[PDB]
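Only one structure is covered here, and it is reproduced in the block below.
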Amino acid sequence: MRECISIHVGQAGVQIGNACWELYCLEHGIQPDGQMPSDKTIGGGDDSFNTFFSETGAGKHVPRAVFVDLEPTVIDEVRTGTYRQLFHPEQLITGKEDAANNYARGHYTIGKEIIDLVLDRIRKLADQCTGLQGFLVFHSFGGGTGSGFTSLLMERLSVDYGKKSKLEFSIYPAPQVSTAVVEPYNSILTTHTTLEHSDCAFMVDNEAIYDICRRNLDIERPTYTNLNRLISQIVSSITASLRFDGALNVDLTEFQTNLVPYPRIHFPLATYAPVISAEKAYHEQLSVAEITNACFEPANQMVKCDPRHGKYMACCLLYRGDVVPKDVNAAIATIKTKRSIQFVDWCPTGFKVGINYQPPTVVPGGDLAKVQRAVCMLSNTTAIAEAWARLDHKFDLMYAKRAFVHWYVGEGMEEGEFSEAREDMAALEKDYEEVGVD
Amino acid sequence: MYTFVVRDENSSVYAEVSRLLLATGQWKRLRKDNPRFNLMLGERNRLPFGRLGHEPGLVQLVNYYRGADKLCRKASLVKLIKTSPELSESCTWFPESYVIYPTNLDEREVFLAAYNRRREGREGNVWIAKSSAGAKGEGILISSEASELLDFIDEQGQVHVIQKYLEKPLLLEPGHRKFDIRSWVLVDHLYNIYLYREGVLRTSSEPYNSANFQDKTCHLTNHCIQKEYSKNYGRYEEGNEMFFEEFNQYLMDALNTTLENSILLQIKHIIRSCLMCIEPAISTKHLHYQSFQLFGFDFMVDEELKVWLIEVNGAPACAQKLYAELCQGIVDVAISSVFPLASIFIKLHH
Amino acid sequence: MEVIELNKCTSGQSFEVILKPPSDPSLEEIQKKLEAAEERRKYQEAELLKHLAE
Amino acid sequence: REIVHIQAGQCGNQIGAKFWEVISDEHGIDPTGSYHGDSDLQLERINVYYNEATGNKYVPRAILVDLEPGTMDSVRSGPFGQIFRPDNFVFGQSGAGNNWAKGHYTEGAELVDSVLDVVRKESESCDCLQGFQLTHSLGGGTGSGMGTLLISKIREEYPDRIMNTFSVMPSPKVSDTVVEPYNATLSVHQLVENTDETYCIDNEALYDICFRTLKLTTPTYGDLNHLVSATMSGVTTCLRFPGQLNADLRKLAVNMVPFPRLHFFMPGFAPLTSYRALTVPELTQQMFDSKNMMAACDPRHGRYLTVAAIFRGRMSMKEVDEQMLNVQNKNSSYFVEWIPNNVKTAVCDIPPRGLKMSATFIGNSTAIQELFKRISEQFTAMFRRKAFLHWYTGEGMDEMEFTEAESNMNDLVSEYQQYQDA
Ligand SMILES: Nc1nc2c(ncn2[C@@H]2O[C@H](COP(=O)(O)OP(=O)(O)OP(=O)(O)O)[C@@H](O)[C@H]2O)c(=O)[nH]1
Ligand SMILES: Nc1ncnc2c1ncn2[C@@H]1O[C@H](COP(=O)(O)OP(=O)(O)CP(=O)(O)O)[C@@H](O)[C@H]1O
Ligand SMILES: Nc1nc2c(ncn2[C@@H]2O[C@H](COP(=O)(O)OP(=O)(O)O)[C@@H](O)[C@H]2O)c(=O)[nH]1
Ligand SMILES: [Ca+2]
Ligand SMILES: [Ca+2]
Ligand SMILES: [Ca+2]
Ligand SMILES: [Mg+2]
Ligand SMILES: [Mg+2]
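Residue numbers (the deposited numbering), protein chains in the order written: chain A, 1 to 438; chain F, 1 to 105, 126 to 362, 373 to 380; chain E, 6 to 28, 44 to 74; chain B, 2 to 42, 45 to 277, 283 to 360, 369 to 438.
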């Protein structure tokens, strides 16, 4: 058994972390006080769920996690909340004042003062691991802490844990729920600096999640709470293979070898189905063909983009619930004949498939109805580059006027880091178009 | 109040749609790089489809279908027809074509193979070499010797197609002259296929001469080639354009049939087949922005009244006297259908 | 088409279906970037205080 | 994360006392500092503006400053007068005689160190001070001249904190002295270099609103300050109540100020007050309307660099986005296109007193240049003949300092004009 440590940075990382660990506990039958009546090995053990939970001699199951924010109010709610009993004090790290939506403040000014502390709290959990495989890092692109402190953390993790995989869950900024005009700045800055340090990153565009909640859960004005419960389902679907018995993807390493052949092109598109309103009494349970087919609908993607106009480098289907391999193969057969699914010439046209029989869990009193079967598709398609092009355009609009740049320079960042970051992104856009466009 | 942006100043069709929109007083035009638009009249090349449909609170529509280039490029149209089961290599309305890359870089030996069986069977073996880099009337070679075809392509840097030249075209009388038919087709956001009522014939004003493919004026029917090289421009009809009412009258007088029966059924069949073929690849049915597009289908008719598809233009201009009607129609079914204010089309059903 | 690497357990199963074949900076350097930024901050603040002193 | 509030001079103290009256009532604090509200939201961010004392008393983190005793006896006697910390009244006896030179260089210099003493005391009890909020006018002597002296010295001692002001600009329509243009021009120069955010509260606009819209034939400072009170309450809501957007002074500055010198905001409020609640569409329309603007600039004469909108009351969160989006999509010309998504929206469920719902507007508009142009023409007309200048040189100033203040303001104007054509 090989442990994974989860790191949650800034408001978005923390609140999403909350939703995930809530969900993990529900799925593994762990109660808010950390007890787990089904775990007959008291004090320890190397079961699959121990990759995310350690055990006390008192039969307490504690998440292998650290929460970090540069201001205290969000993490204070974890400290006081339902699962307060779950984490111990050292796992929850807070500063006094935040990065003010300013990458440079998060990375340089405030980051320099807390980074050694955070690395020490992490070294602690690492020391509890017999065979650490690496880190799952949750954060927003747009926040000063999510962007700026995360990229400093990732640089240091590569130093202090060179042999370890690092995976991201990154929230891409959406004006409908965003809180700062400069988030495109912060996004490009953090992506530039984190790129060489991340082996695989799952972007979630708040725009897509927002619209899935409106459209399918019939929520007129989705909250962060609505968004995060949905996000946590996708996250759970993606990490389930690490937490349950299985043959794919059994460790963080396998995530890269299965989804990421081109190292820089390490941003797989997540697609999830079905999403059904719990307020919906009579619900016709979708079939395997239907939920698989829904994986090729942009309306269901964690990022809105058109995979028909790009190429695939890899595709993984992760099913939860009542699913047998026969139906999956029949569904993939039929979909192949209708959909536009072009792979790059140097990759096999195909699908790695995982099935866990336990259907998705739903937070009681949530917006998501229980279903018989669900699927999460991870596909590395060049289409996701549409998100980069969108983001880079906004950056270009502001930067040409140097709008807001004095806020960053005032934190001790040099202006050149802007155009350097932007250049890296221009190269990124170039790599995608090479691989995916005739 | 609806908003729109104009990003193709060289478009005669959409410059007219633009003024029609403003003249309704319910549309406002914006600076071309203002993202808060309802309607993008987009640029021809590298139209930024990836930045569409991410504006909260704005239904967005663009006058192009992403992916329609598959249909509107010489080489890729050939590829699309050969490799799509719905169209198939046994497609009876598309001339025998081959995609040939110049050697400084393919389907060469496949083309030679078929060329041999023709020279072997006494068959008419005249082919026409052309490409997409061929602006207007230049870049076209009509030879009966394959050698001149491939030697001419290697003198070019871009991809070409070689395709069987129709040696028995329907000739109009008097004049004994070749022609082609241009059909304007509008596909709306619901993927309704609308064929504009009025078409036009781009006629040659020089008698067809099947012994001299060197003189490209009785063989090529381009309006630029006629208005320059032909010494009979506008002789039989104004601007070498014969419209459907005249043409149909001719078909009745000369051949005892109608435009609808002899030619139009085939044309509607070809247009449906092409657009239904690519629908799964370009439809914006469940997409975060919507597309419509105006296409220009060009057809050849042989002396048996068979209709052959020559090419599909994705950014067509219109005949002069037909601009008003067709542009009003574009506003009507493609735009106002999506943004209601306060038929000239035949719908090809499917 | 071809189904391979089928693994079954009590929790579920996995397999691969093929439809068609194909055709860092050191601690010290990070340390210097952090100090280089800190010095620019101190320098700008020193200029401010100097200006206020005038 | 605390804010230290300072109010200087007659105008500053009178609008300052009203602000504390109004937000005390919103947070359910009575005149004796005791809490008596029925909502939990009232106390969640109470420490931003209030200190706690035993007995669970809430004491404003407020410093009251003046060069003459007059106005502060009025405060201390006023409605919530007893709520202020007695030691935080700092005053001298000579006054500033409506003279910027007296406030900034002679009479004010003598009193400023004791003020800085109380500021230091308040700061030292702060968990994590955000920065400062100063209320003052620019047309007089103490608020203007000593007020900007304070700002400079506060910046020297707290150079990494945020400095925010509510600055009342003079108008010949509501004028105390002919030298107001001098005092205001000398002060704008200070603000441009030494504040991060300034709400431009124009007495011109307050008068016109009272006269034209509210139909007050003979507007008083009481009527003017009613509008200032409501505006101040509305633009500090995101600081005082829980929320995502602009929840502290630095994040506000980061959202609102694209270039350092252009940090002068046009406030706006709806409904303009003095039985039927406005609809969300009515709030939205009115809050962007020039007649609801507190700076007397025509927003259609410039462009919005950035905008913050705050809606208060129980209303359709959905309907707010639709209206806010519709305003932008339908007048997108008046928003610069090179700052994407530059309009940010906040909602707070607690309405202000006597209203089911309200909206507060904060614009960074290049049209604010009209305000500075107006002052600059008034300044120049007198300075060109050196009229009344000897009252300033008599305090040790030379003409050159006037010339530089004038140049700096004209530069500010040309900067706005620069970005209005981009
Ligand atoms: N999906 C989701 N997005 C969030 C959440 N919280 C914030 N965001 C998004 O993240 C961006 C803001 O970043 P935050 O994480 O809140 O900022 P931060 O990391 O705390 O950094 P600072 O406050 O600037 O120090 C915006 O795009 C928000 O919409 C959340 O709980 N869920
Ligand atoms: N296989 C063929 N047989 C007979 N004639 C052919 C032919 N292919 C092309 N032509 C003739 O070639 C000319 C068409 O040129 P082409 O199809 O390349 O269009 P073009 O791109 O040069 C201008 P447009 O886009 O307006 O049609 C016509 O005059 C037509 O008569
Ligand atoms: N809006 C408003 N303006 C005021 C008030 N008192 C004075 N003013 C204005 O402030 C300027 C006079 O400055 P004042 O504060 O009285 O002088 P100070 O005591 O030296 O700071 C003039 O422009 C007056 O119109 C007030 O209560 N409300
Ligand atoms: Ca155990
Ligand atoms: Ca590495
Ligand atoms: Ca004295
Ligand atoms: Mg934060
Ligand atoms: Mg006075």
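Using N, Cα and C, we set each Cβ at its ideal position, and we do this for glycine too.
Shown here for residue 213(F): same chain residues with a beta carbon closer than 6 Å to its own, the five before and five after excluded, namely 207, 295 and 378 in chain order. Between residue 406(A) and residue 313(B), the alpha-carbon positions lie close to 16 Å from each other.
Every beta strand (DSSP E) stretch that sits fully inside the region 200-268 of chain A and reaches 3 residues is listed by chain position as 200-205. Nearest CB-CB separation between residue 247(A) and chain E: below the 7 Å threshold. Excluding residues up to 5 positions away in sequence, 21 lie with their Cβ nearer than 6 Å to the Cβ of residue 9(E) in the same chain.
Contact between residue 270(F) and residue 260(F) is ruled out by a C-beta separation of about 15 Å, above the 8 Å threshold. Remark: the shortest separation between the CB of residue 183(F) and any heavy atom of ligand 2 falls under 6 Å. Scanning chain E for C-beta atoms nearer than 7 Å to the C-beta of residue 159(B) yields 69 and 72, reported in chain order. For residue 109(A), the three-state secondary structure derived from DSSP is helix.
Residue 380(A) is bridged by DSSP to 314(A). Closer than 7 Å to the CB of residue 23(E) there is at least one CB belonging to chain A.
If the five residues before and after residue 354(F) are omitted, its C-beta is found closer than 7 Å to the C-beta atoms of 206, 208 and 312, all from its own chain and listed in chain order. 17(B) is the residue among 62(B), 328(B) and 17(B) whose C-alpha sits nearest the C-alpha of residue 225(B).
Residue 324(A) counts as exposed, since fewer than 16 other beta carbons sit within 10 angstroms of its beta carbon.
Cβ neighbours of residue 244(A) within its own chain (closer than 8 Å, five residues either side excluded): 48, 49, 356 and 358. Judged by the Cβ position, residue 11(B) qualifies as a neighbour of ligand 3 at the 6 Å threshold, a heavy atom of the ligand being closer than this. The criterion of a C-beta distance shorter than 7 Å is not satisfied by residue 147(F) and residue 346(F). Contact of residue 7(F) with chain B is not assigned, every C-beta pair being separated by 7 Å or more. Residue pairing by DSSP places residue 55(A) opposite 61(A) in a beta bridge. Judged by DSSP in its simplified three-state form, residue 37(F) adopts coil rather than helix or strand. Residue 140(F) has its alpha-carbon roughly 44 Å from the corresponding atom of residue 310(A). For residue 409(B), DSSP records no beta bridge to any residue.
The three-state reading of DSSP puts residue 249(F) in coil, since its state is none of H, G, I, E or B. Ligand 1 never approaches residue 301(A) closely enough for any of its heavy atoms to be under 6 Å from the residue's Cβ. With a cutoff of 6 Å, residue 171(B) counts as near ligand 3, since its C-beta is closer than that to a heavy atom of the ligand. With respect to the C-alpha of residue 380(B), the residue from 262(B), 410(B), 291(B) and 417(B) having the closest C-alpha is 262(B).
Proximity to ligand 4 was defined by a C-beta distance below 7 Å to any of its heavy atoms, and the residues meeting it, in sequence along the chain, are 39(A), 41(A), 42(A), 44(A), 45(A), 47(A), 50(A) and 55(A). For residue 172(B), the uninterrupted beta strand (DSSP E) segment begins and ends at 165-172.
Just so you know, the alpha carbons of residue 71(B) and residue 100(B) end up roughly 10 Å apart. Residues of chain B whose Cβ lies closer than 9 Å to the Cβ of residue 398(A) are, in chain order, 261, 346, 347 and 348. Judged by their CB atoms, residue 176(A) and residue 56(F) are nearer to each other than the 7 Å cut-off. In chain B, no part has a C-beta under 8 Å from the C-beta of residue 42(F); the shortest such distance is about 18 Å. Ligand 5 approaches residue 158(A) closely enough that one of its heavy atoms is under 6 Å from the residue's Cβ. For the pair residue 321(B) and residue 333(A), the Cα-to-Cα distance works out to about 55 Å. 223(F) is the residue among 164(F), 223(F), 167(F) and 184(F) whose C-alpha sits nearest the C-alpha of residue 191(F). Distance check between residue 193(A) and each of 424(A), 438(A) and 429(A) places 424(A) closest, using alpha-carbon atoms only.
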